[PDB]
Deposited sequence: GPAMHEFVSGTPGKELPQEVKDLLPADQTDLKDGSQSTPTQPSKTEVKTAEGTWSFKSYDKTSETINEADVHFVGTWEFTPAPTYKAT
């Protein structure tokens, strides 16, 4: 079983901090969870949504950093 990640936020590509969480392949199913489900970047927060199914595709969503006005 192999894992892959995708962004579920329109127009936002995955950052390296998310790609660094990709699990290893499972040897010859239930997905391996990422080590953490929230990643902070300079621009905001990425949150793991879920896997959909062997290839497991894990969707991450982005929330921009809050602005103060």
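Judged by missing C-alpha atoms, the gaps in the deposited chain sequence fall at residues 1-2, 31-36, 62-70, 87-88, listed in sequence order.
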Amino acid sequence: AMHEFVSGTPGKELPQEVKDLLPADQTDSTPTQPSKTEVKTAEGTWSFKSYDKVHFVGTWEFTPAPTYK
From here on, numbers count along this sequence of modelled residues.
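In this entry, 54-62 has the higher mean Cα B-factor, the comparison being between 54-62 and 15-23. Ranked by C-alpha B-factor against the other modelled residues of its chain, residue 41 falls in the middle third.
Compared with the other modelled residues of the chain, the Cα B-factor recorded for residue 29 ranks in the highest third.
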